[PDB]
Amino acid sequence: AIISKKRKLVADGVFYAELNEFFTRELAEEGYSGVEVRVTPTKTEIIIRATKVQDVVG
Amino acid sequence: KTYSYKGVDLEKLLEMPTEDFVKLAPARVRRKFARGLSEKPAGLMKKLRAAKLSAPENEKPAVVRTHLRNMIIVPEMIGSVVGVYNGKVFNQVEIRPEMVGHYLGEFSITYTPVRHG
Amino acid sequence: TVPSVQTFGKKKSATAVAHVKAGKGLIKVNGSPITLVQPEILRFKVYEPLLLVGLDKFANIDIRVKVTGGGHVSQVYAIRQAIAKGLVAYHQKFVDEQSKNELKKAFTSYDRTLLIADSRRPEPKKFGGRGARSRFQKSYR
Amino acid sequence: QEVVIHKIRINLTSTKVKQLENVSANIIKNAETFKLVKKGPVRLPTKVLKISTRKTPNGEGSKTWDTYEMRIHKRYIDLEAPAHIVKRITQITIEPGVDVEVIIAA
Amino acid sequence: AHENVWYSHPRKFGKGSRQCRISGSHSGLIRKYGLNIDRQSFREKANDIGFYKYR
Amino acid sequence: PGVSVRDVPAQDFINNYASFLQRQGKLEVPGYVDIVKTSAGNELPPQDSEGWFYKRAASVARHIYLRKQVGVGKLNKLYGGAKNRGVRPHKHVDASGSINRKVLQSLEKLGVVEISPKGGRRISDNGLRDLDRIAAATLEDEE
Amino acid sequence: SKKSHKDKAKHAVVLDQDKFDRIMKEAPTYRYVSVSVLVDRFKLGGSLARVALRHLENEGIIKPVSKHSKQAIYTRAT
Amino acid sequence: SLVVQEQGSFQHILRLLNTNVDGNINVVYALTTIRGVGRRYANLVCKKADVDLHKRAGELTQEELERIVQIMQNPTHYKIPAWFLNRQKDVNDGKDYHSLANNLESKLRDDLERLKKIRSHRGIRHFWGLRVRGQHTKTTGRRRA
RNA sequence: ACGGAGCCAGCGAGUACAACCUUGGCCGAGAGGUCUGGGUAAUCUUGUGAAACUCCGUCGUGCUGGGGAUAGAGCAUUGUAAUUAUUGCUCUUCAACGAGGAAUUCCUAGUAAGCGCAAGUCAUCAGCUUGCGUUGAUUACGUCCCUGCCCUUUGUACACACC
Ligand SMILES: [Mg+2]
Ligand SMILES: [Mg+2]
Ligand SMILES: [Mg+2]
Ligand SMILES: [Mg+2]
Ligand SMILES: [Mg+2]
Ligand SMILES: [Mg+2]
Ligand SMILES: [Mg+2]
Ligand SMILES: [Mg+2]
Ligand SMILES: [Mg+2]
Ligand SMILES: [Mg+2]
Ligand SMILES: [Mg+2]
Ligand SMILES: [Mg+2]
Ligand SMILES: [Mg+2]
Ligand SMILES: [Mg+2]
């Protein structure tokens, strides 16, 4: 949207923190280890590094 | 000199509409009324008038007692007897003609006077 | 084109950019005659390089200095540095090495920061006090 | 027929630097191997974003304070360029972290 | 709990108009750049936010 | 033999141009003058009981001559220093806008200023020449 | 605290013709002249100290050496 | 520059508005000595009176004194604005008076006992002789008499 | 001190699912309101034309034009709601105060001190606080005497350790 660049960057950072705390909360039993957020013009992919990959996959 | 408000003598004061008071009554209350008032003081004044008319014309009308403190003393409510809440008890107060302009909370001393020794 | 060089001088924030050309003794800072710097007491300071060397040294030269930033004394010192640096740069570039040599000797021989920039610069204020190296006060009781 | 010069304008953004710098390097290398006219990768004052907080959560202790920050770099660029090659350049060579925006200068 | 009396009071503004979004606290809140989070929650999550101690 | 306003010392130039406006009957003076503080900062009027308006106009015209274009708010910030806020630490408070607006309107009425396209006021040709003449005369009076 | 100064007017608020005679023949024999000195001789209150001193610059009785404000420094015609 | 001062004409002690003033002070600040008269007010009154700013309180003539006092007691006729006054409106009669010294104490007092009679918090506090403007008093004042 | 006049900064921040920074043109003495603007940001506020300071005047040793608390009245502004005075502005009132006992704090160069400005809080509110810059020094460039600290040696009935 029409949002200042600094505000948008802070929003992206707090969204990163969003996901990080989310995954720590839920995926812990499945061995969550880290998160990354990569963005293309098309889609915003979230790459989830975990110990037990299949259980996260389900 | 009995009393006059701004050259509006007490006799003239006795029954003036609030809108007439608006042109008098310096900037604070002026801004208040200009910026609407609320629903509640309508009910307060209605209750006051009801107690005024119902009383048998010889005694000070029955205690109209309420928690609404921000209300302000307008001409067509002189003579009523209001219990203005205090945080403990509705402090009783009659409405002298000089009460006008000020607040109802003014006569509800929110704290007992402090004394040492 | 007219032989002309541009220099700068600084004082903690204040920047004086001087452009010197082959002119007729034209000396304007902010488009005003140099005689009218407001400090009025730091006034001699804006003259200060010239009197060291003698204004005859620049009779075929014109100097215009645009200056920004700083306070007032900082502004004046930046103007001084700009003037001196412009003289040195022009004389070195177009006149002769020895000419620049006596100019540098005369400038450095008096108030060394007249030619060289001052590095003396404020440092951040730490917390716990009104100044970078001050503390509020203590009670003890 | 899309021969009209577009005056396309790019603006980058990055919390960090090296990704932004190599992205700009890639954009300029693509433009130059495509024979485009460019106004160079201008450098803008990296806006520092500072927050000073009290370390202690309770206020007890000697007054001690800290200053977190980022330093954002924008560094817009601009081309006098046609569409398809340039729009394809815009949609390629993006790494994470660096955010890119495009305005057509229509 | 009258539908027009329960939670009647406005909250367009003031201290309680906004929450920590991490703990829902009111005290020690930061509103700069829209963080809307409190002192110390910021104190540890800032590194993942992108903040780092420099000076 | 050429000269400009930037070529003349300031303070004496402002007072000279103020006196020239004083002797001339132009520059109509609003009625509410001689009572206003010219700034919320001020608590005593101008010490000059009459004619301070002319000096203010001189300063304003000189200032517009110096800059590209200026509005009333720029003057308001420029004029006026610090309150003695009783016990409060001083801050800056902007001067009175009525004085600056009336000064600008009067200058427009005289014709030394015109409303710039960019938004604000700027100096016209004839007024600029007027200030040039005043500058040359002040320099001559100096020597 | 207590007004123990015991100070009278210690100056002159409105001049005398005799006071004008004093100041007129007084410019000689005082080689240093300043508003401070003129008040110091009990003869000028100080509000009119500058007034009188400027008046002395009517026939060039006392030439200026530095005419800055906050003071006034002059020396007799010699 | 200076004048011969016209000995035999400079007033020393004046009695204006049944209050005594000293003639050696500048006229504006001299008039400030009267209660209910400030420096700004006295200055505007003086300049409305055409009497010079740089005069002394002993050098003005008697007709000038009469002009000054009639100005100072009836401002509204003399294009002194409806504001600027000591007691604008006067919450009794709605006409903008400007109280002078003795009238000033009389009226301020009568307002104080009106507030006492009104029995407002302002009134009760004024009766108590504490801080009435709602300031902190836990550590302030602590000592008057 | 008060009038005028001169007219220099640097850190910031700023409206979105809403309503910020506000230029300019209006009007009003003022706070202010008003209509159009620009600005999601080296673009506009902004060159934040800030203060101290600079120059010319007035005042003149007077608790005085120092000092501005405490006090009446008015005009507005944020707010559902300002009374127990939010804040601003206008007038008037002008108090206490004479360089501050024993004590005690901080400080060695862009330093202390003066001077403000931006940001946090914020709807409205700072005397706070972080940072920023400006005007910018006196005096050391040393010693364990007071208050402590390092380590070594020594003595101890101490080990909750000279409280
Ligand atoms: Mg300091
Ligand atoms: Mg000024
Ligand atoms: Mg002061
Ligand atoms: Mg004073
Ligand atoms: Mg001044
Ligand atoms: Mg700058
Ligand atoms: Mg300023
Ligand atoms: Mg006094
Ligand atoms: Mg000070
Ligand atoms: Mg606090
Ligand atoms: Mg040492
Ligand atoms: Mg100690
Ligand atoms: Mg033991
Ligand atoms: Mg013992």
# chains A, B, ... in the order shown; residues from 1 in each chain; ligands from 1
>>> residues_near_ligand(ligand="ligand 12", cutoff="8 Å", atoms="only C-alpha atoms (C1' of nucleotides) and all ligand atoms", output="number ranges by chain")
I: 104-105, 147
>>> select_by_dssp(residues="chain C", states="alpha helix (DSSP H)", output="VMD selection string")
chain C and resid 43 to 53 73 to 90 97 to 108
>>> interface_residues(of="chain H", to="chain F", cutoff="8 Å", atoms="only C-alpha atoms", output="PDB file with C-alpha atoms, in the first residue's frame")
ATOM      1  CA  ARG H  39       3.267  48.648  32.273  1.00  0.00           C
ATOM      2  CA  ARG H  40       1.444  47.677  29.079  1.00  0.00           C
ATOM      3  CA  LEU H  44      -1.216  52.445  26.001  1.00  0.00           C
ATOM      4  CA  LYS H  47       0.273  57.154  24.205  1.00  0.00           C
ATOM      5  CA  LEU H  53       6.633  58.551  26.297  1.00  0.00           C
TER       6      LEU H  53
END
>>> residues_around(residues="region 124-128 of chain H", least_positions_apart="5", cutoff="10 Å", atoms="only C-alpha atoms (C1' of nucleotides)", output="CSV table (one decimal) with N, CA, C and O atoms, in the first residue's frame")
chain,number,residue,atom,x,y,z
B,107,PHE,N,-19.7,21.7,44.1
B,107,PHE,CA,-20.2,21.7,45.5
B,107,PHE,C,-20.1,20.3,46.1
B,107,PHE,O,-20.6,20.1,47.2
B,109,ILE,N,-17.4,18.3,47.2
B,109,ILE,CA,-16.0,18.3,47.6
B,109,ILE,C,-15.5,16.8,47.6
B,109,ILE,O,-15.9,16.1,48.5
B,113,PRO,N,-12.1,17.7,54.1
B,113,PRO,CA,-11.0,18.6,54.5
B,113,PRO,C,-9.9,17.9,55.3
B,113,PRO,O,-10.2,17.1,56.2
H,112,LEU,N,-14.3,37.4,46.1
H,112,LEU,CA,-13.9,36.4,47.0
H,112,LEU,C,-15.0,35.9,48.0
H,112,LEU,O,-15.3,34.8,48.2
H,113,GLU,N,-15.8,36.9,48.6
H,113,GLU,CA,-16.9,36.5,49.4
H,113,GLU,C,-18.1,36.0,48.6
H,113,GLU,O,-18.9,35.3,49.1
H,115,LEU,N,-17.6,34.0,46.1
H,115,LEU,CA,-17.2,32.6,46.0
H,115,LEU,C,-17.4,31.8,47.3
H,115,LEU,O,-17.7,30.7,47.3
H,116,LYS,N,-17.2,32.5,48.4
H,116,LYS,CA,-17.4,31.9,49.7
H,116,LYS,C,-18.9,31.6,49.9
H,116,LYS,O,-19.3,30.5,50.3
H,117,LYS,N,-19.8,32.6,49.5
H,117,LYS,CA,-21.2,32.4,49.6
H,117,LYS,C,-21.7,31.3,48.6
H,117,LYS,O,-22.6,30.6,48.9
H,118,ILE,N,-21.1,31.3,47.4
H,118,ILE,CA,-21.5,30.4,46.4
H,118,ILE,C,-21.2,29.0,46.9
H,118,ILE,O,-21.8,28.0,46.5
H,119,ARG,N,-20.2,29.0,47.9
H,119,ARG,CA,-19.7,27.7,48.5
H,119,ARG,C,-19.2,26.7,47.5
H,119,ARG,O,-19.5,25.5,47.5
H,133,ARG,N,-5.8,27.3,42.7
H,133,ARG,CA,-5.8,26.9,41.3
H,133,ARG,C,-5.5,25.4,41.1
H,133,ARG,O,-5.0,25.1,40.0
H,134,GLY,N,-5.7,24.6,42.0
H,134,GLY,CA,-5.5,23.2,41.9
H,134,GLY,C,-4.1,22.7,41.6
H,134,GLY,O,-3.9,21.8,40.8
>>> residues_near_ligand(ligand="ligand 11", cutoff="12 Å", atoms="only C-alpha atoms (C1' of nucleotides) and all ligand atoms", output="ChimeraX atom specification")
/I:108,140-143
>>> write_last_selection(atoms="C-alpha atoms (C1' of nucleotides)", output="PDB file, in the first residue's frame")
ATOM      1  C1'   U I 108      40.520  17.769  32.187  1.00  0.00           C
ATOM      2  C1'   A I 140      45.433  20.074  36.104  1.00  0.00           C
ATOM      3  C1'   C I 141      48.301  16.509  32.572  1.00  0.00           C
ATOM      4  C1'   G I 142      49.819  15.136  39.536  1.00  0.00           C
ATOM      5  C1'   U I 143      49.334  12.375  44.627  1.00  0.00           C
TER       6        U I 143
END
>>> interface_residues(of="chain E", to="chain D", cutoff="6 Å", atoms="only C-alpha atoms", output="list in words")
residues 40, 51, 52 and 53 of chain E
>>> residues_near_ligand(ligand="ligand 3", cutoff="10 Å", atoms="only C-alpha atoms (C1' of nucleotides) and all ligand atoms", output="list in words")
residues 83, 84, 85, 86, 87, 88, 89 and 90 of chain F; 1, 66, 67 and 68 of chain I
>>> residues_near_ligand(ligand="ligand 9", cutoff="8 Å", atoms="only C-alpha atoms (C1' of nucleotides) and all ligand atoms", output="list in words")
residues 52, 114 and 115 of chain I
>>> residues_near_ligand(ligand="ligand 13", cutoff="10 Å", atoms="only C-alpha atoms (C1' of nucleotides) and all ligand atoms", output="MDAnalysis selection string")
chainID I and resid 158:161
>>> residues_around(residues="residue 37 (chain I)", least_positions_apart="4", cutoff="10 Å", atoms="only C-alpha atoms (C1' of nucleotides)", output="PDB file with N, CA, C and O atoms (P, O5', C5', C4', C3', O3' and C1' of nucleotides), in the first residue's frame")
ATOM      1  N   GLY F 119       3.982  30.548  -4.883  1.00  0.00           N
ATOM      2  CA  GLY F 119       3.226  30.578  -3.648  1.00  0.00           C
ATOM      3  C   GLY F 119       3.915  31.377  -2.566  1.00  0.00           C
ATOM      4  O   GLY F 119       4.803  30.873  -1.875  1.00  0.00           O
TER       5      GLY F 119
ATOM      6  P     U I  23       2.362  25.722   8.248  1.00  0.00           P
ATOM      7  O5'   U I  23       2.925  25.861   6.769  1.00  0.00           O
ATOM      8  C5'   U I  23       4.321  25.891   6.532  1.00  0.00           C
ATOM      9  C4'   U I  23       4.627  26.098   5.073  1.00  0.00           C
ATOM     10  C3'   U I  23       4.051  27.352   4.443  1.00  0.00           C
ATOM     11  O3'   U I  23       4.821  28.509   4.713  1.00  0.00           O
ATOM     12  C1'   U I  23       3.651  25.508   3.027  1.00  0.00           C
ATOM     13  P     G I  24       4.099  29.922   4.953  1.00  0.00           P
ATOM     14  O5'   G I  24       3.232  30.145   3.639  1.00  0.00           O
ATOM     15  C5'   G I  24       3.845  30.390   2.383  1.00  0.00           C
ATOM     16  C4'   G I  24       2.809  30.465   1.297  1.00  0.00           C
ATOM     17  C3'   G I  24       1.714  31.488   1.534  1.00  0.00           C
ATOM     18  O3'   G I  24       2.091  32.773   1.080  1.00  0.00           O
ATOM     19  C1'   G I  24       0.741  29.412   0.976  1.00  0.00           C
TER      20        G I  24
END
>>> residues_around(residues="residue 106 (chain F)", least_positions_apart="4", cutoff="7 Å", atoms="only C-alpha atoms (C1' of nucleotides)", output="NGL selection string")
:F and (27-28 or 102 or 110)
>>> interface_residues(of="chain A", to="chain E", cutoff="10 Å", atoms="only C-alpha atoms", output="PyMOL selection string")
chain A and resi 4+6-18+20-21
>>> write_last_selection(atoms="N, CA, C and O atoms", output="PDB file, in the first residue's frame")
ATOM      1  N   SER A   4       5.141   4.555   3.973  1.00  0.00           N
ATOM      2  CA  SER A   4       6.532   4.978   3.978  1.00  0.00           C
ATOM      3  C   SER A   4       7.457   3.769   3.976  1.00  0.00           C
ATOM      4  O   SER A   4       7.128   2.707   4.508  1.00  0.00           O
ATOM      5  N   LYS A   6      10.319   3.212   5.489  1.00  0.00           N
ATOM      6  CA  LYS A   6      10.758   2.779   6.810  1.00  0.00           C
ATOM      7  C   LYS A   6       9.651   2.024   7.530  1.00  0.00           C
ATOM      8  O   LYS A   6       9.888   0.969   8.131  1.00  0.00           O
ATOM      9  N   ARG A   7       8.427   2.544   7.469  1.00  0.00           N
ATOM     10  CA  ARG A   7       7.312   1.852   8.101  1.00  0.00           C
ATOM     11  C   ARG A   7       7.094   0.484   7.473  1.00  0.00           C
ATOM     12  O   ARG A   7       6.825  -0.493   8.178  1.00  0.00           O
ATOM     13  N   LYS A   8       7.216   0.391   6.150  1.00  0.00           N
ATOM     14  CA  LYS A   8       7.038  -0.898   5.494  1.00  0.00           C
ATOM     15  C   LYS A   8       8.121  -1.883   5.912  1.00  0.00           C
ATOM     16  O   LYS A   8       7.847  -3.073   6.098  1.00  0.00           O
ATOM     17  N   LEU A   9       9.361  -1.414   6.043  1.00  0.00           N
ATOM     18  CA  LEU A   9      10.438  -2.309   6.449  1.00  0.00           C
ATOM     19  C   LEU A   9      10.234  -2.797   7.872  1.00  0.00           C
ATOM     20  O   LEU A   9      10.456  -3.976   8.174  1.00  0.00           O
ATOM     21  N   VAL A  10       9.807  -1.907   8.762  1.00  0.00           N
ATOM     22  CA  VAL A  10       9.503  -2.327  10.124  1.00  0.00           C
ATOM     23  C   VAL A  10       8.359  -3.328  10.127  1.00  0.00           C
ATOM     24  O   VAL A  10       8.357  -4.293  10.899  1.00  0.00           O
ATOM     25  N   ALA A  11       7.364  -3.113   9.270  1.00  0.00           N
ATOM     26  CA  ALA A  11       6.269  -4.066   9.173  1.00  0.00           C
ATOM     27  C   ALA A  11       6.768  -5.423   8.703  1.00  0.00           C
ATOM     28  O   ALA A  11       6.337  -6.462   9.209  1.00  0.00           O
ATOM     29  N   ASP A  12       7.677  -5.436   7.730  1.00  0.00           N
ATOM     30  CA  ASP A  12       8.230  -6.704   7.269  1.00  0.00           C
ATOM     31  C   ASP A  12       9.005  -7.396   8.380  1.00  0.00           C
ATOM     32  O   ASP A  12       8.925  -8.619   8.539  1.00  0.00           O
ATOM     33  N   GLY A  13       9.758  -6.628   9.164  1.00  0.00           N
ATOM     34  CA  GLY A  13      10.468  -7.215  10.289  1.00  0.00           C
ATOM     35  C   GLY A  13       9.532  -7.800  11.330  1.00  0.00           C
ATOM     36  O   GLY A  13       9.758  -8.903  11.834  1.00  0.00           O
ATOM     37  N   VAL A  14       8.463  -7.077  11.659  1.00  0.00           N
ATOM     38  CA  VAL A  14       7.555  -7.587  12.678  1.00  0.00           C
ATOM     39  C   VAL A  14       6.757  -8.765  12.137  1.00  0.00           C
ATOM     40  O   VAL A  14       6.354  -9.646  12.896  1.00  0.00           O
ATOM     41  N   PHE A  15       6.553  -8.832  10.822  1.00  0.00           N
ATOM     42  CA  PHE A  15       5.949 -10.016  10.217  1.00  0.00           C
ATOM     43  C   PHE A  15       6.889 -11.214  10.297  1.00  0.00           C
ATOM     44  O   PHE A  15       6.465 -12.350  10.553  1.00  0.00           O
ATOM     45  N   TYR A  16       8.177 -10.978  10.064  1.00  0.00           N
ATOM     46  CA  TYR A  16       9.165 -12.030  10.266  1.00  0.00           C
ATOM     47  C   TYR A  16       9.108 -12.552  11.694  1.00  0.00           C
ATOM     48  O   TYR A  16       9.122 -13.768  11.925  1.00  0.00           O
ATOM     49  N   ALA A  17       9.021 -11.642  12.664  1.00  0.00           N
ATOM     50  CA  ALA A  17       8.914 -12.056  14.060  1.00  0.00           C
ATOM     51  C   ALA A  17       7.617 -12.816  14.317  1.00  0.00           C
ATOM     52  O   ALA A  17       7.607 -13.800  15.069  1.00  0.00           O
ATOM     53  N   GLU A  18       6.511 -12.347  13.734  1.00  0.00           N
ATOM     54  CA  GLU A  18       5.254 -13.082  13.713  1.00  0.00           C
ATOM     55  C   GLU A  18       5.495 -14.551  13.427  1.00  0.00           C
ATOM     56  O   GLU A  18       5.216 -15.424  14.257  1.00  0.00           O
ATOM     57  N   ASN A  20       8.233 -16.306  13.126  1.00  0.00           N
ATOM     58  CA  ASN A  20       9.208 -17.010  13.946  1.00  0.00           C
ATOM     59  C   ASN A  20       8.577 -17.494  15.243  1.00  0.00           C
ATOM     60  O   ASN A  20       8.704 -18.672  15.606  1.00  0.00           O
ATOM     61  N   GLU A  21       7.854 -16.612  15.932  1.00  0.00           N
ATOM     62  CA  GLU A  21       7.228 -17.026  17.182  1.00  0.00           C
ATOM     63  C   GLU A  21       6.121 -18.036  16.936  1.00  0.00           C
ATOM     64  O   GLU A  21       5.945 -18.969  17.726  1.00  0.00           O
TER      65      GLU A  21
END
